[PDB]
Every structure is written in structure tokens, then in C-alpha cells.
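*Asks:* Got a structure for you, written out below as C-alpha cells; questions coming shortly.
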Amino acid sequence: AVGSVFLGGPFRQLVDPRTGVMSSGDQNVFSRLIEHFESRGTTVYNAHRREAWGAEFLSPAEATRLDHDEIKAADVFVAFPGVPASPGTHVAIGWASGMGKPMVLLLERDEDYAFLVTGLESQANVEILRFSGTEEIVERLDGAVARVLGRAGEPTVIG
Ligand SMILES: Nc1nc(=O)n([C@@H]2O[C@H](COP(=O)(O)O)[C@@H](O)[C@H]2O)cc1CO
């Protein structure tokens with residue numbers, strides 16, 4: 001049973017400038033993923049919700065520090081690299097892969113992602129899960145987390 005996950009993904013690009021928040025459709029997937037885990041006993045660290053989906057904006061420095069602490073604390077790292085790419089999320093993949101964290105990465109099926117993203121499959125303790133909608137993710141996530149979590153500590157290139 002999984003104590004803690006860090007859930008990451010695009011943020012800045014999903015904020016509506018007119019409202020200063022993400023739309024319910026974009027919050028959709030995050031909230032769905034949060035519930036799923038929380039209902040099962042698993043603490044979810046997630047910046048989108050912590051920062052009221054754009055309304056309670058941090059300083060770059062605060063935001064940077066919290067994210068790195070939460071990543072380091074969570075048992076498993078789960079994130080959406082984003083199409084187009086989420087700059088802050090890619091920084092976080094660097095952090096997590098650099099700590100040898102169990103990671104699950106959520107990739108839109110039939111979309112292109114970076115070499116240094118896809119190249120972590122095998123190279124680190126990572127599992128890629130391609131998806132055409134949120135329910136697919138919700139169905140497959142627990143298995144993906146258990147498999148990566150069942151390899152924690154184990155040496156890897158990069159780990
Ligand atoms: N205010 C923010 N707080 C944050 O914690 N972040 C972190 O950086 C990621 C989003 O990066 P972008 O905002 O660059 O897409 C999120 O997963 C979040 O963990 C990003 C922003 C906006 O750059």
C-alpha cells in the first residue's frame with residue numbers, strides 16, 4: 001500500500017488569463033487522480049490544488065522549494081510531461097529521475113515527447129503509460145505504481 005505520491009503536470013500553460021485559474025475541464029483529471037489515491041489511503045502532494053489552481057500563486061522561489069521537498073518526500077512520482085511540454089514538469093522529472101524515485105509518466109498516446117523523457121524507460125525506474133482519456137489512467141495507475149514501487153532502491157543507470 002502506497003503512502004505518498006507527487007502528482008505533476010502542466011500548470012502555467014493551462015491557466016486562463018481572464019480568470020486566473022484552470023478551467024474545471026483541466027482540473028478534471030488532476031482532481032480525478034487525487035480522489036482516486038486519497039480514497040485509497042494515499043497522500044497526494046499536488047501543486048495545482050495547493051495553489052488553488054492558479055489563484056494562490058507562489059513566488060518562483062517558494063514554488064521551486066515546495067515542489068522539490070514534496071518530490072523528495074513522496075514515495076512515487078507521477079506526472080504528465082504535457083503536450084506541449086511543461087517546463088516545470090520536465091525540471092521535476094530531472095529531480096525525480098536524479099533521486100532514483102519510482103516514477104510513472106503519463107503520455108498522450110500518438111503524441112511526441114522528448115528523447116530525455118522517453119529514454120528514461122529502462123534507463124531509470126520508470127514506467128510509461130500512454131492514454132487516450134482519464135478513465136484509462138485511473139484504471140491502469142495502481143498497477144503501474146505497484147510495479148515501480150516494487151523496485152525502489154534497486155540500482156539503475158542514473159539512479
Ligand atoms: N506556480 C507554480 N507552482 C508550481 O509548483 N509549479 C510546478 O511546476 C509544474 C508546472 O510547470 P509549468 O507551470 O512550467 O507547466 C507543476 O507540476 C508544479 O509542480 C509550477 C508553477 C507555474 O510555473
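Here's how to read the names in the C-alpha cells: chain A, B, ... by the order shown, residue numbers from 1 in each chain, ligand numbers from 1 in the order shown.
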Neighbouring residues of ligand 1 are defined here as those with any atom at most 6 Å from a ligand atom, counting only C-alpha atoms and all ligand atoms; list them as number ranges by chain.
*Replies:* A: 8-13, 47, 57-58, 63, 67, 86-89
*Asks:* Write out the residues from the selection above, keeping C-alpha atoms, as a PDB file, in the first residue's frame.
*Replies:*
ATOM      1  CA  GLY A   8       2.819  16.804 -11.501  1.00  0.00           C
ATOM      2  CA  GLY A   9       1.894  18.226 -14.846  1.00  0.00           C
ATOM      3  CA  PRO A  10       1.325  21.343 -16.836  1.00  0.00           C
ATOM      4  CA  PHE A  11       0.209  24.335 -14.894  1.00  0.00           C
ATOM      5  CA  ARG A  12       1.177  27.750 -16.232  1.00  0.00           C
ATOM      6  CA  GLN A  13       0.010  26.989 -19.812  1.00  0.00           C
ATOM      7  CA  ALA A  47       0.824  21.955  -6.615  1.00  0.00           C
ATOM      8  CA  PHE A  57       0.185  31.923  -6.780  1.00  0.00           C
ATOM      9  CA  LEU A  58       3.503  31.469  -5.073  1.00  0.00           C
ATOM     10  CA  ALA A  63       7.123  27.201  -5.678  1.00  0.00           C
ATOM     11  CA  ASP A  67       7.908  21.138  -5.247  1.00  0.00           C
ATOM     12  CA  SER A  86       5.559  21.561 -19.287  1.00  0.00           C
ATOM     13  CA  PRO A  87       8.780  23.278 -18.473  1.00  0.00           C
ATOM     14  CA  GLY A  88       8.397  22.920 -14.701  1.00  0.00           C
ATOM     15  CA  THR A  89       7.326  19.312 -15.011  1.00  0.00           C
TER      16      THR A  89
END
*Asks:* Please extract the residues of region 59-140 of chain A with a backbone DSSP assignment of alpha helix (DSSP H) and present them as an MDAnalysis selection string.
*Replies:* chainID A and resid 60:73 87:99 115:118 120:123 134:140
*Asks:* Write the residues of the selection above to a file with C-alpha atoms, as an mmCIF file, in the first residue's frame.
*Replies:*
data_model
loop_
_atom_site.group_PDB
_atom_site.id
_atom_site.type_symbol
_atom_site.label_atom_id
_atom_site.label_comp_id
_atom_site.auth_asym_id
_atom_site.auth_seq_id
_atom_site.Cartn_x
_atom_site.Cartn_y
_atom_site.Cartn_z
ATOM 1 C CA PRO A 60 9.098 31.308 -8.182
ATOM 2 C CA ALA A 61 11.404 30.536 -5.231
ATOM 3 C CA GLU A 62 8.671 29.308 -2.870
ATOM 4 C CA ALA A 63 7.123 27.201 -5.678
ATOM 5 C CA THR A 64 10.510 25.736 -6.581
ATOM 6 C CA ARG A 65 11.349 24.867 -2.993
ATOM 7 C CA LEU A 66 7.998 23.245 -2.118
ATOM 8 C CA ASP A 67 7.908 21.138 -5.247
ATOM 9 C CA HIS A 68 11.414 19.781 -4.645
ATOM 10 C CA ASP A 69 10.579 18.976 -0.949
ATOM 11 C CA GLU A 70 7.315 17.203 -1.842
ATOM 12 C CA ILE A 71 9.002 15.195 -4.625
ATOM 13 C CA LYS A 72 11.754 14.153 -2.231
ATOM 14 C CA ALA A 73 9.104 13.155 0.366
ATOM 15 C CA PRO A 87 8.780 23.278 -18.473
ATOM 16 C CA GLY A 88 8.397 22.920 -14.701
ATOM 17 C CA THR A 89 7.326 19.312 -15.011
ATOM 18 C CA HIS A 90 10.434 18.442 -17.075
ATOM 19 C CA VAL A 91 12.562 20.073 -14.329
ATOM 20 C CA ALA A 92 10.771 17.781 -11.848
ATOM 21 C CA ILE A 93 11.450 14.663 -13.951
ATOM 22 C CA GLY A 94 15.111 15.705 -13.724
ATOM 23 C CA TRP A 95 14.773 15.918 -9.960
ATOM 24 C CA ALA A 96 12.936 12.653 -9.565
ATOM 25 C CA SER A 97 14.932 10.614 -12.025
ATOM 26 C CA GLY A 98 18.067 12.155 -10.430
ATOM 27 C CA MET A 99 16.971 10.880 -6.972
ATOM 28 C CA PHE A 115 14.287 11.880 -26.015
ATOM 29 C CA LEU A 116 15.397 12.539 -22.426
ATOM 30 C CA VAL A 117 11.869 11.678 -21.334
ATOM 31 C CA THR A 118 11.292 8.524 -23.374
ATOM 32 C CA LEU A 120 14.368 7.134 -19.076
ATOM 33 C CA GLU A 121 12.203 3.994 -19.681
ATOM 34 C CA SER A 122 14.596 1.175 -18.682
ATOM 35 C CA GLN A 123 17.466 3.661 -18.092
ATOM 36 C CA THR A 134 -8.566 9.903 -17.928
ATOM 37 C CA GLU A 135 -10.540 6.731 -17.076
ATOM 38 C CA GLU A 136 -7.870 4.675 -18.762
ATOM 39 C CA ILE A 137 -5.330 6.310 -16.480
ATOM 40 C CA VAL A 138 -7.480 5.774 -13.426
ATOM 41 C CA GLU A 139 -7.845 2.080 -14.277
ATOM 42 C CA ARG A 140 -4.142 1.399 -15.026
#
*Asks:* Run DSSP on the backbone and tell me which residues of region 29-64 of chain A come out as strand (DSSP E); list them as a PyMOL selection string.
*Replies:* chain A and resi 43-46
*Asks:* Compare A:4, A:31, A:46, A:125 by their minimum atom-to-atom distance to residue 103 (chain A), counting only C-alpha atoms, and give me the closest one.
*Replies:*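 For residue 103 (chain A), the nearest of the given residues is A:125.
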*Asks:* Would you mind listing what lies within 9 Å of residue 41 (chain A) as a PyMOL selection string, with only C-alpha atoms counted and same-chain residues fewer than 3 positions away left out?
*Replies:* chain A and resi 1-4+37-38
*Asks:* Identify which of the residues A:81, A:25, A:20, A:150 lies closest to residue 54 (chain A), counting only C-alpha atoms when measuring atom-to-atom distances.
*Replies:*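 Going through A:81, A:25, A:20, A:150 one by one, the smallest distance to residue 54 (chain A) is for A:20.
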*Asks:* Work out how far apart CA of residue 110 (chain A) and CA of residue 131 (chain A) are and give it in Å to one decimal.
*Replies:*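 Computed distance, CA of residue 110 (chain A) to CA of residue 131 (chain A), equals 9.1 Å.
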*Asks:* Need the shell around residue 7 (chain A): protein/DNA/RNA residues with any atom at most 7 Å away, counting only C-alpha atoms. Skip same-chain ones fewer than 2 positions apart. Format as a VMD selection string?
*Replies:* chain A and resid 5 44 to 46 77 to 79
*Asks:* List as a PDB file with N, CA, C and O atoms, in the first residue's frame the protein and nucleic acid residues near region 154-156 of chain A, meaning an atom at most 6 Å away when only C-alpha atoms are counted, but skip any in the same chain fewer than 3 places from it.
*Replies:*
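Below is the file that was written, result_13.pdb:
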ATOM      1  N   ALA A 124      16.091   4.454 -16.212  1.00  0.00           N
ATOM      2  CA  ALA A 124      15.708   4.590 -14.792  1.00  0.00           C
ATOM      3  C   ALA A 124      14.559   3.606 -14.329  1.00  0.00           C
ATOM      4  O   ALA A 124      14.160   2.675 -15.086  1.00  0.00           O
ATOM      5  N   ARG A 151      10.377  -1.858  -7.051  1.00  0.00           N
ATOM      6  CA  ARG A 151      11.796  -1.832  -7.448  1.00  0.00           C
ATOM      7  C   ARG A 151      12.610  -0.712  -6.778  1.00  0.00           C
ATOM      8  O   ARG A 151      13.746  -0.450  -7.179  1.00  0.00           O
ATOM      9  N   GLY A 159      20.200   6.412 -11.453  1.00  0.00           N
ATOM     10  CA  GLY A 159      19.530   6.354 -10.148  1.00  0.00           C
ATOM     11  C   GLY A 159      20.098   7.260  -9.076  1.00  0.00           C
ATOM     12  O   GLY A 159      19.671   7.193  -7.929  1.00  0.00           O
TER      13      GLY A 159
END
*Asks:* Could you name the residues that touch residue 112 (chain A) at 10 Å or less, counting only C-alpha atoms, but leaving out those on the same chain fewer than 5 positions away, as number ranges by chain?
*Replies:* A: 82-85, 107, 118
